[PDB]
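**Q** The structure under discussion is supplied below as C-alpha cells; questions concerning it will follow.
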Amino acid sequence: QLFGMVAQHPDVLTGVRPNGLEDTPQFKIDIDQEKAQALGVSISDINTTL
Amino acid sequence: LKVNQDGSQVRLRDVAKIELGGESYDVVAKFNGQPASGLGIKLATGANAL
C-alpha cells in the first residue's frame, strides 16, 4: 500500500524499492502425529532423519 | 500424548488445563487499588539520571 502511494507523487520520491526479498514458494511437510504413533515411529526420529 | 489400546486418543486437553498465563505469579502490582503493571528502572553506574 505504501508503495502504491509512493507511486503517486513521482515529483518528490524516485526509485523507492524494497531492500529485502519477496516471498517464494516453499515445501511444507505435515507430519501426522496420529499416523506416526500408529506406527512405531517417533517424532524425534522423523525430524532427525529429515 | 498417547493412544490407548482402542482407538481412543489422549490429548493434552484430557490431562491438563492449558491457558495463557504469566511466567511467574509472585509479583502483583496495584496503582491506587487498580490492577496495573510497571517497570522499575535502575540507573547504570556512572550515568546521568536526568
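Scheme for the C-alpha cells: letters A, B, ... for chains in order shown; per-chain residue numbers from 1; ligand numbers from 1 in order shown.
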Define the interface residues of chain B facing chain A as those within 12 Å, counting only C-alpha atoms, and report them as a list in words.
**A**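 Close to chain A, chain B has residues 1, 2, 3, 4, 5, 6, 7, 8, 9, 10 and 11 of chain B.
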**Q** Looking only at the backbone, which of the residues in chain A does DSSP tag as helix (DSSP H, G or I), as number ranges by chain?
**A** A: 2-7, 33-38, 43-49
**Q** Do you have the CA of residue 16 in chain A-CA of residue 3 in chain A distance handy?
**A** 7.7 Å
**Q** What does the distance from CA of residue 21 in chain A to CA of residue 48 in chain A come to in Å, to one decimal?
**A**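 Interatomic distance, CA of residue 21 in chain A to CA of residue 48 in chain A: 29.3 Å.
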**Q** As a list in words, please: every residue in chain B that a backbone DSSP assignment puts in strand (DSSP E).
**A**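 Matching residues for strand (DSSP E) in chain B are residues 2, 3, 9, 10, 29, 30, 31, 34, 35 and 36 of chain B.
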**Q** Could you save those same residues with C-alpha atoms as a short mmCIF file (atom, residue, chain, number, x, y, z; two decimals), in the first residue's frame?
**A**
data_model
loop_
_atom_site.label_atom_id
_atom_site.label_comp_id
_atom_site.auth_asym_id
_atom_site.auth_seq_id
_atom_site.Cartn_x
_atom_site.Cartn_y
_atom_site.Cartn_z
CA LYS B 2 -0.73 -41.36 23.77
CA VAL B 3 -3.35 -43.56 22.14
CA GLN B 9 -6.61 -40.75 21.78
CA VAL B 10 -5.35 -38.94 24.87
CA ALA B 29 1.16 -4.55 41.18
CA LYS B 30 -1.67 -2.19 42.13
CA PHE B 31 -1.92 1.53 41.35
CA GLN B 34 -6.41 -0.74 40.41
CA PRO B 35 -4.70 -3.60 38.58
CA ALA B 36 -1.52 -2.34 36.97
#
**Q** Would you compute the distance between CA of residue 18 in chain A and CA of residue 2 in chain A? Give it in Å to one decimal.
**A**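 Separation between CA of residue 18 in chain A and CA of residue 2 in chain A: 11.1 Å.
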